[PDB]
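One chain comes next, on its own, written as structure tokens: the form deposited in one PDB entry.
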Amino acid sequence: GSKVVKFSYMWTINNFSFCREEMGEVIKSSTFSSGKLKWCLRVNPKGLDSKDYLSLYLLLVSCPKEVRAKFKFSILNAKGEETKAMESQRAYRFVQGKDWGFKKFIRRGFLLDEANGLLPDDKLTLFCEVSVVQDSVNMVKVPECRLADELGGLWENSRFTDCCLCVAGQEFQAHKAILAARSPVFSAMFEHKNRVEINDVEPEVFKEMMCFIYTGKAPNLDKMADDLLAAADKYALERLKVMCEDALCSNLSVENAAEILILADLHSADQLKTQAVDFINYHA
């Protein structure tokens, strides 16, 4: 017979109008699943190439080595009903990293005309429904990946450490291999006597940077975004740098924009600067 799993995903993008994405550029949403597949949506604000449209796609992000699926995209209005729906006429074949969708989902001009009301408060709300079909001829619970947490313990308990990092007097124990694998700046030092001096980062900010290096996370980033941005920059931890940019971006206010702009120039935080420049003009 058949097993058919149906699920939904809602995606709201604020200040859609101000999305400076140019033709070809993409915005990726968060992942979602039916509830062992992991999906997500990709949108091209100015077409994939016909740039007078929005390109919308459904991407299979992760899965255990193929999946058939029918999909339907639409836009929700203020009352929460669908409008402008496009649906696949059949189920398409997906594999990890594969996507399917509509190059010409909807015309910008139409989406931007306030007469149609698809952007209440300038917020675009995309809705996606998926239907996965499988032949009978999922039942095994597999634990989530715990790589980050186990490597995190390596730093939190100083197990099998091999080098010492002296931060403004304080001695911290770490693993060279891990630091080098994760930092080009650190990799450069260990490529040219197991004791490294650091005087550009404050201890507290250091512990958090290290937490990122060992686990890809930084739980306390919010209370030290500016200092972490600078620390991330000096040690070429590009992703962490961007995470701090996002934290600073959502703090922009008339009172702090100028300061945040200066900060972004000094640490070559391209996304933060643009956002700051834009924030300041809209308030000139």
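The numbering used is simple: start at 1 and walk along the sequence shown. In this text, rigid core is short for the largest set of C-alphas that superpose within 1.5 Å between two forms.
The same protein has a further form, the form deposited in another entry, not shown here; the description that follows concerns it.
Once you line up the core between the shown form and the other one, the CA of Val95 is the only one from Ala148, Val185, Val95, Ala168 that shifts by 2 Å or more. Once both forms are fitted on their rigid core, the CA atom of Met243 lies less than 2 Å apart between the shown form and the other one. Once both forms are fitted on their rigid core, the CA atom of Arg42 lies 2 Å or more apart between the shown form and the other one. Residue displacement note: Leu112 has its CA displaced by at least 2 Å between the shown form and the other one (rigid core superposed).
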